[PDB]
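Here you get one chain, nothing else, as structure tokens; it is the form deposited without indan-2-amine (XM0).
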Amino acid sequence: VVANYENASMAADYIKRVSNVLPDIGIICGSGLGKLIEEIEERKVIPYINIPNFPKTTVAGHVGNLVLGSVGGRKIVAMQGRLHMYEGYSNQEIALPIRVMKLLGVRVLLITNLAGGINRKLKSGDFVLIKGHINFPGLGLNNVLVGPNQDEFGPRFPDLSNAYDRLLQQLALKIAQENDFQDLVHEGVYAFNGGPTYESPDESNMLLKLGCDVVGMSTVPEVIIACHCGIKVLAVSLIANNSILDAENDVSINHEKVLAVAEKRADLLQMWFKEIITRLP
């Protein structure tokens, strides 16, 4: 199924008829960082399998729901179960839910992810406000926009220089300062590793040379589809490790260690994003 105007419209019509919520904020939460979704008020849960033209996610399994409701007095839609390109989903499958958000009325998209640290100032448990990216799949002919352009949504050749809204980064930092955890908050450039293997020790050393501050396997495809259709983005990485130190010391990362860092910072991140939603202009 192509992520075109007709197919996205049929999905949006179903959601409007089931939900009665017109959201203007969308959220996509990283591994182990979804507790906020469980606290949406006056909420409606819509399994992906029931939405016309949504991608099939049964081979992967696990949760796959759209959740609509209220947070801090604002109307929102959340993806509960994020789609990743290392699972084998196509460009069209990644893009369709973001384009449905657009048709539903979403103007701001808030994103979190788990990432490895490259910059020497970063350690386990830190947060990085993403200010730009290096898209290795895009340079190498696997950009999420390869294919015919869907002109109803945006232009053939997008400019990404303002993909990460500056005012939203400033608001996120302001709230950290107001609650005295600003010493955890950095800014940086995100390298997109297609995955699913963690970057090797020698790949980590290369990324340091290239000006990358963090590395992850998500986020950039959704950012590009959002920017193409005029949705503002805030993206925040939770740092699980420092991959440069691990390479120097012959120490390794694994998914169990990553999830343990997520559980340590989950409550703080939930509170932070609730206040961001509340305070959005």
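Don't overthink the numbering: it's just position in the shown sequence, from 1.
Missing here is the form solved in complex with indan-2-amine (XM0); even so, the following discussion is about that form.
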Residue contact check: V18 to indan-2-amine (XM0) in the bound PDB entry, 4.5 Å heavy atom
no
is_contact(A266, indan-2-amine (XM0)) in the bound PDB entry, heavy atom dist at most 4.5 Å:
no
Whether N142 contacts indan-2-amine (XM0) in the bound PDB entry should be assessed with a 4.5 Å heavy atom distance threshold; does it?
no
Although the partner isn't part of this model, could you tell me whether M271 comes within 4.5 Å of indan-2-amine (XM0) in the bound PDB entry, counting any heavy atom of the residue?
yes
Since exactly one of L103, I175, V185, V189 fits, which has a heavy atom within 4.5 Å of indan-2-amine (XM0) in the bound PDB entry?
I175
Quick check on this chain: which one of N149, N205, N179, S90 has a heavy atom within 4.5 Å of indan-2-amine (XM0) in the bound PDB entry?
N179
Note that indan-2-amine (XM0) is not shown here; using its position in the bound PDB entry, name the residues of 209-242 with a heavy atom within 4.5 Å of it, in sequence order.
none
